[PDB]
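Have a look at this one.
Computed over heavy atoms, backbone and side chain alike; hydrogens, waters and symmetry mates excluded. Counting convention: from 1, in listed order, for ligands and their atoms alike. Below, read A as the first sequence line, B as the second, and so on, with proteins coming before strands; counting in each chain starts at 1.
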Amino acid sequence: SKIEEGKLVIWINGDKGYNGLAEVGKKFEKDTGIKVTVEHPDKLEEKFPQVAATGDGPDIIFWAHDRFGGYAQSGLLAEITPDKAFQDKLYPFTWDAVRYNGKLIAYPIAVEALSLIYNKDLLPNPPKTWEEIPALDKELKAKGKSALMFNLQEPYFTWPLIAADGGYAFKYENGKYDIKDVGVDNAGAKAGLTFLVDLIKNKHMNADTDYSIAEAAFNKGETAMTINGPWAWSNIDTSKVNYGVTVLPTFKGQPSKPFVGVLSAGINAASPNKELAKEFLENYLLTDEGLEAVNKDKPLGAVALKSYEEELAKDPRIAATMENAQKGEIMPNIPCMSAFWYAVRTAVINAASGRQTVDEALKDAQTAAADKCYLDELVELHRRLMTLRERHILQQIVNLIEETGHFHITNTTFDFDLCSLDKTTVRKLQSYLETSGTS
Amino acid sequence: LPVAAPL
Ligand SMILES: OC[C@H]1O[C@H](O[C@H]2[C@H](O)[C@@H](O)[C@@H](O)O[C@@H]2CO)[C@H](O)[C@@H](O)[C@@H]1O
């Protein structure tokens, strides 16, 4: 109704190969007659849920998988229905990233991880550790250059260092991703954020460095190193910098742990072109020729399609992408990921600016992210409990609540508040419900 | 999040 029928509108981030994708759209148009329009609006990961909630937006949305769980929970994405033959063409782990509540909600395209990118002319052997970067910066500053510049405004770029000694922020429990009790607040994360803030205090980095500033400095030969994903490689090729792409530096002997995003393509639930979207994604884009057209414009990283990934396997930059991906953490796709990112973004900005100490910044981020994630799991458990009818199951839930004493009885009901329960009681209800055969 | 079960 609001979205035009008989054509496809695709949204993809401005840093990705939207011109290469438009070439795949011209191939679709040449074969089928259907026009494909590719757009890259600003802040599309936020603009998409705003317009799709009103039945508007693109037919197809491209973004890393982390945001798709939140879109699916709001009813914004159509369930995808590839057959076994198509599913067998992509790596099984890529399908896991786009599965939400038992259903596939997007087509996985590529596996993205940040790497350390360095200028071989300024730095033939890149540093293996973060600890050696302050003295390296001093040496390069005497020659008119800096050691490292990377986007400090987005938590995606600073998280690898924070999590190097901090470890993974999330864990899998009772059929769901849960943020750890100290996934953001631990001493290792505090050490990582302190190291980053100390780099700024010692004038080795600037708190206002953003994506454009870092990209221009590296591509103009002003800084020996940057941190970026595969999409950035084309702009460095154009600049003629002799670069290497390698493992991120270690911190306290621990590998840096980037969040691994699976660039994925979802179909808007309001689209009147769901079958055309499926044909374009399965038969045009997710082929060697389709992925090559996008890849030639801006590299995708380690693609989800087995056949084309084998043709990209010999690229040393992809081997580095995969090595960093293995050391990092696959992003969860739960709806609270939005709150997790807002909280870490705020902690890094406040620590780097002196608004808060490192300890206060991460303690507050842990509270904000864990409260939102826990609230979502409580809302879901409340929904789940309210549909149960079977006597044995209800008796056992009530038996578990009775052990705590956190309940009240009225003339007609047995009452309790999920918010007044301890997390161990909530975990026992979740564990019992997982065994009851009900969902 | 109050839950009510039939008594
Ligand atoms: O910084 C938080 C941000 O991180 C990720 O976004 C990445 C994205 O995955 C990459 O494809 C690339 O475009 O850079 C982005 C960071 O600027 C999460 O995917 C995103 O939801 C999150 O807000």
Between A:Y100 and A:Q73, a side-chain donor and acceptor under 3.5 Å: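 A:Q73 and A:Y100 do have a side-chain donor-acceptor pair below 3.5 Å.
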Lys/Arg N to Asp/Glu carboxylate O, A:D297 vs A:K16, below 4.0 Å: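 A salt bridge is absent here (no side-chain N lies under 4.0 Å from a carboxylate O).
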Residue-ligand contact A:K16/ligand 1, heavy atom below 4.0 Å: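 Yes.
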Whether A:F259 lies under 4.0 Å from ligand 1, heavy atom: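 So A:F259 does not count as touching ligand 1.
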Atom 1 (O) of ligand 1 - nearest protein heavy atom and its distance: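 Of every protein heavy atom, A:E154 OE1, 2.8 Å lies nearest to atom 1 (O) of ligand 1.
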Distance (rounded to the nearest 0.5 Å) between A:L114 CG and A:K257 NZ: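 That separation rounds to 14.5 Å.
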Check: A:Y156 N/O within less than 3.5 Å of ligand 1 N/O: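 The answer is yes, given that A:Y156 and ligand 1 share an N or O pair closer than 3.5 Å.
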Non-hydrogen atom of A:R67 closer than 4.0 Å to ligand 1: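 True for this residue.
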Contact check, A:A64 vs ligand 1, heavy-atom distance below 4.0 Å: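 Within the 4.0 Å threshold, so yes.
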Separation between CG of A:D237 and CZ of A:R317, rounded to the nearest 0.5 Å: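 Between atom CG of A:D237 and atom CZ of A:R317 there are 5.5 Å.
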Ligand 1 contact by A:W159, heavy-atom criterion under 4.0 angstrom: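 Contact check A:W159 vs ligand 1: negative.
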Ligand 1 contacted by A:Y211 (non-hydrogen, < 4.0 Å):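 Not so, A:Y211 does not reach ligand 1.
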A:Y342, OH atom: more than 12 neighbouring heavy atoms under 6.0 Å: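 No, not enclosed.
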Electrostatic pair A:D31:A:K27 at N-O distance under 4.0 angstrom: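 Judged by the 4.0 Å cut-off on N to carboxylate O distance, A:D31 and A:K27 do form a salt bridge.
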A:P155 touching ligand 1 at heavy-atom level, < 4.0 angstrom: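 Yes, A:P155 has a heavy atom closer than 4.0 Å to ligand 1.
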